[PDB]
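Data first, discussion second: the structure below is written as structure tokens.
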Amino acid sequence: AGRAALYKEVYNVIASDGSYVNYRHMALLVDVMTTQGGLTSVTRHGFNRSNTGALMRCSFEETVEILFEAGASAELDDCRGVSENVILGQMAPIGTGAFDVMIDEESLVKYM
Amino acid sequence: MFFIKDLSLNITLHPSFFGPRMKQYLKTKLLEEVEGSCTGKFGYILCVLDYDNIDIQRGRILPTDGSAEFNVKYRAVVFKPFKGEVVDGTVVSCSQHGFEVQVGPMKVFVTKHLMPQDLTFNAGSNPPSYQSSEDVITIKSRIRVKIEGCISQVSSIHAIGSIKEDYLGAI
Amino acid sequence: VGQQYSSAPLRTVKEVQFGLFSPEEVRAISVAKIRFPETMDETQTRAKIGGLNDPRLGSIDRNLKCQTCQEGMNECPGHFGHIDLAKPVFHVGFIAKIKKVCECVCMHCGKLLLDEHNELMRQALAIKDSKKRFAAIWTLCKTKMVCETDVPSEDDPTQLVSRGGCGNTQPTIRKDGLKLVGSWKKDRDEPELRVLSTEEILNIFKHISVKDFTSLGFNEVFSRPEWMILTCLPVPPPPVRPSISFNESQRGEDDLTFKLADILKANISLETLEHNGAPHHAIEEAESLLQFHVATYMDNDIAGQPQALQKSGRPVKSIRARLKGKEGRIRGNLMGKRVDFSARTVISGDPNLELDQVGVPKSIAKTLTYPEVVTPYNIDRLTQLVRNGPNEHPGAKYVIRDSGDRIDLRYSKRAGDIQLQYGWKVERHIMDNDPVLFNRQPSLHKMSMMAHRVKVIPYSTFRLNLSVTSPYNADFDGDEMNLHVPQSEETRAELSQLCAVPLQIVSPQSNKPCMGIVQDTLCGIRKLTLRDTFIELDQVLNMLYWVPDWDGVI
Amino acid sequence: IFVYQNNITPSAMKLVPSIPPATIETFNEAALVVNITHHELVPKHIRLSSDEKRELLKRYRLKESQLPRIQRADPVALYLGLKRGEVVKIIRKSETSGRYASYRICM
Amino acid sequence: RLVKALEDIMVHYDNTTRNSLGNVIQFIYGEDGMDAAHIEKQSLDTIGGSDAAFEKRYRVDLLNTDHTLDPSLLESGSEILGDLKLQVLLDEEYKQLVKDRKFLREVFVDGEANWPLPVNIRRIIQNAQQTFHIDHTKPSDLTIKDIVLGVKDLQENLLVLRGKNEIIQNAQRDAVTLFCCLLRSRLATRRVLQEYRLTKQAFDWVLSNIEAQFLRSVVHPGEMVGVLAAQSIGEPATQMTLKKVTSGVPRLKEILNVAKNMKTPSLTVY
Amino acid sequence: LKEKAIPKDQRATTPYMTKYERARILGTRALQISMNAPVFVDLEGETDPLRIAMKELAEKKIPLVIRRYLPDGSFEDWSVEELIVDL
Amino acid sequence: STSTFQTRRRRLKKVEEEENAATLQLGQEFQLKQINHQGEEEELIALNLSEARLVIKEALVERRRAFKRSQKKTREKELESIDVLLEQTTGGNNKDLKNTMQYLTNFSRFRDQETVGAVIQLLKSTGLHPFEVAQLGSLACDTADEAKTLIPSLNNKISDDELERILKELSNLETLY
Amino acid sequence: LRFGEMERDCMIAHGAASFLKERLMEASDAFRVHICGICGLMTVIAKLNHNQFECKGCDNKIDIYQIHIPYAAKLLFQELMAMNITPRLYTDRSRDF
DNA sequence: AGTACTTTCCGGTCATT
RNA sequence: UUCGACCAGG
DNA sequence: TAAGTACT
Ligand SMILES: [Mg+2]
Ligand SMILES: [Zn+2]
Ligand SMILES: [Zn+2]
Ligand SMILES: [Zn+2]
């Protein structure tokens, strides 16, 4: 029900202006903010502390402070993070790259 | 000693050859870059067996150029000598420091002082050799060596072997 | 990218294993002793001394050599060097832990202060999360200050069980600058304050148990606590601390290249004291200096004021500083860079372009280029562009052959010549209908960046259609805009199939279209409506002719 | 279940987790004057069999951690009395599709 | 912040909303799997209106001279009146439209019946209309079975999730429910024949379209929803140029900060 | 790894091609075509690659395969041939 | 290069590279327990000369064959017969294979895929390790000593008499020339 | 001109995957380094001529990959190393999931 | 328990180093 | 390149 | 600017 409020509140903020946002969005955010357990704040105090990789959280408000304790605690990064790959110069698993493409030699013969 | 290990290799094929008989080209190239290869972890790659049932699997297209990359899984015949391994080959070159036996695709060398004493080295000979009381070792003479040590290098493998133990020498 | 073929297979990074350097590794890796603190001048003679930068490390002066690694400058990334310290030093950023760890283990024997025996501990040994064990463990043993030798097991509080030994009281600890000091309580009374020598700490750690590492947020292979203390120092190579030469007979050394210069100096001076007139503790007055530099070199925005200003009063860019958010590596160099194939000018409306179009000025279209690959389909057209030159509009300015070599179309004694080769690339001019990404910052919309159709036009302005105005959120009161040019056949596709303006017409942020009709067109589309309003032949005819898809039926 | 009035002694409560399997819970009167589950906002939850759970996971291909969570002390978590590991199914209404199925494991 | 906080969130091929850990954040993007883009404010006619009007509109009784479909509408009009095997489907329908009523009134208490929903049905028929030059004069040619049984066979295909099991195929029903309600609302026997004289042709068409059109309005596994939603909120946040509560911008800040001491605290007790 | 390869049956994902998919299939294909790869359709006089691809893609004569990874790592395999192309 | 069916998780400290000796301790890449492509396990594959001469020939041959389905669209006597099979299905610049067949074809000890068969069926009742079960097949041995000495990995694995019988049945199957 | 953070976020939204990379690499940084298949570092002494590769210390010469990454990144890394922190670059996942 | 401290997106000038 | 300032603009 | 932590 907390969620329900957190949403209701955020929604009212956008409504006061006479604007409109399709649920889903405010929902999504209001959710990301909740799932974890309670009220996880959209700030260096909250979300940017979760289990997410290092290189990611690394790019927002704590950087070095964060990287330091990453090697100290020998963290391992999945490189599933958008940011992760942006930093490596690789194609991020995002839309266009949320999947792979292959030449199926088989079908490559019936075509002639 | 000669083995039949299961290997695999990745070839990056350029869209160019994304033809009809691609399967063909791949295999072909597989061969270009293997039969004749050499590693310490595999030694001499000599021949790809079962040319026909070579697995190609689906290759995936890289992502900046159409080049595709298939993990060609094959099986072949290998040979990588070992220290303490006993093999017999044919001598090739022979000097004042010993002769070199050729056990297969490899060349094993034997030091003058890594043979017996009753075996000296005759210089003014033609072709050059090593004489004994009853034995005579030269070019074509077949020897059986005990590979004392192995040294990997570039695209080949050498090793020093002895004939000082028993049941070792000519035949 | 990089150029020159490498028989080295190529792959993508999949994982990033964060760790800490082990003094032994730092050594193995290094290719430079790094004994002298000077830069070069073999007695003014120009070159580099086997001392600092290039005692085998990277290079400068446009000269191959990188330990024969040749390649020279571009291609030879740096090759770390090291520099054996005199005495162990903290790691400016780790102190925090190093300290918080001691409060978790007692010296002399060096082992935990709470075994499976204490129950409140059990619960703190099940939590799987390095960050959380060590954040609960610590909270539990930061209080107890007596290395218990006998404790009441899972039975009677009467019966006492034994484990490790040496009750040697545990001193509480506090942080003063770059050192750790603690008091040992003596009963009978009054404290006993002494400075914990690194040399000491380091030791207590080396002995910490293997399972003890782990229990506390660490890793036997990648990060043993004992490494938070610097024994050997890795020496970033030129490319990390490059120079800046004003031709010759001058200087240009980088900030970093100095702190090492100091660290190095302040190291030697120490050494030359432990093998000479060593007034015992008139040294720890010069060992704090190394702990200082080798600290600041990494971080220089501490609480203990002394900024370590460099002669002139300029703060000194610490490594940390280089990564610090915004304007910095991570956020300014990696998460967002400057790029090529881009242009920006002033935008102005033009009621004559289809919505999805964008007016690009010849000036630019002749500057920006798209690499096309010589194919039998184009050969002809391409060769014509090449001949045309890089001055006439529909043309090109660079032909590049398989042989990884660029023909500069504006100079080449063969400009006019050249027969293309299927497989060659011909960077040509941006042509009418090359998809591009147009945009107006601040970008806070999918729409702040859309793909348009290039339409080469005269005069100097990006001329965008009016209705696509409100999505970028732009006026023409002098507003500027950015244009990026795709580069690979598959890149374009991504713009044209997902970023094209016609697509952005209906927006998800509000499940309603996001572009409409404004100003004249709107205002006028009301007037032109009204019952009151009629139009006569002569004109109704032209109006028809204007709608391009008029079925020709008055 | 033990219902206290103004409070229990810290000497007392430290005797609940000393006789497993069995379990005990502490509730204040003033907190049970009203049932929270009856609140407009709070949607109805539901416990899940260690069968229904080992399923949920298998059908989404989830590991225990990737699942949304509920506090061990959460008002509703108590009303139903979950246990570190039990999963609750939250079914609420939705302005996008009548009903929505959500899951909350427990920490 | 809003962004950095949701980058990693996208819809994975299973139609779940997760991040880089794979921690489910939404089991079906937006609790319905529909892409924001394909949605319009439609009206769930079944909600508002007097209990009286409701009957006059959706109720069909084949056992009554005044509550049956006048044979001026359906071709097989006269030969139906009374049939008892039909008045079972004809009543199954109604009992449902009624379940519907009560359901919506339990979700949208306000009474507001206009909501965002994929597939604009209003128009889809409007086209059906002037596409088949349908004359409001002569009688249809739909069996009563034709209608009711096809509408039921429609909901069967509005697939959002696909899975080959209960848990999954159960969610299916869920993330569609609302829509169907709107579907049954506009494809109820009386309506289908009295309000929009559809022919067998038109109807079979109107159905086909709804199916296809729906299947398009699903969300694409690939959509980086997070970033999207982020902006979608933080965008109309900049356009905020400024009864005595805390207000907009500062408040939103207050909210994302999860601050303990809010300027305005209030609390409405009914 | 094959435990991570889902059978052609038991298949679950969308029977239709995602907009990103096609977008990439076309791009990708275009690229290759522009690389002098072999074209499997009569170029009705077409000469622009992404154009050709758009054709190959409508005669569903593209030798590619979209491998859809799942959150847990297991993937599903589909062919441009199978995949329905609405849009 | 060319990977080998077994991703050994190398966690940084690569230091234990044991020695190589007829202590049957072959590089990790040749444990008795290696992995087959099908994902199954399988005993190492030990080829004794002349048994190898046949595997190679058998494929170098059936290659020439499938090299023509697609084409449409006595000691000194075998030196010549093989040289051709190469100059048809080999790389020609595989000077190793050339030399591998000479050697392999000269020191070979059997000509029939039947003889080589029995050799195998025989030694394969020993319970011996593949590498020995090779040397025994490609090295002339008259005594248990000449044997248990040029293959010191045998020493305690088989009575002298037994090993001696086997050696008898070898020179007995040893095809002439 | 600059393709700052915001501009990225947009492409990410668009799902314009490849494009994003293209701005980030090909049209900017893009660099090619070598690694030790063992100790995920830049150590590698690539002579890219006599094909020699080495990496004494982890002592290789056989297991070596080549990767493409934004030069800025290489730096990020080298800067991190000078701070005595190790960022490992591995070409294969071993943690599954 | 209080007070201070630290932590919007995007050309050319001058001055110093 | 950098620090600083200023500016200048959307 | 204004808020939030961590710190003295
Ligand atoms: Mg303005
Ligand atoms: Zn170099
Ligand atoms: Zn102790
Ligand atoms: Zn290495």
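Just so you know, the numbers here start at 1 and follow the chain as drawn.
Heads up, header says this was done by X-ray crystallography, 4.0 Å.
For all residues, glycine too, the Cβ spot is worked out from N, Cα and C.
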Segment assigned the feature zinc finger in Swiss-Prot (from H:36-58, H:59-81): H:36-58
Intrachain C-beta neighbours of H:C58 (Zn(2+) binding site), sequence separation six or more, cut-off 8 angstroms: H:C36, H:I38, H:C39, H:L41, H:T43
Residues in the zinc finger (H:36-58) grouped by DSSP into helix, strand and remaining coil: 0 helix, 1 strand, 22 coil
Cβ packing number for H:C55 (Zn(2+) binding site), 10 Å threshold: 25
Around the Cβ of H:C36 (Zn(2+) binding site), the count of other Cβ atoms that are within 10 Å: 26
Cβ-centroid neighbours of Zn(2+) site H:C36, H:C39, H:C55, H:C58, 8 Å, sequence order: H:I35, H:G37, H:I38, H:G40, H:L41, H:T43, H:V44, H:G57, H:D59, H:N60
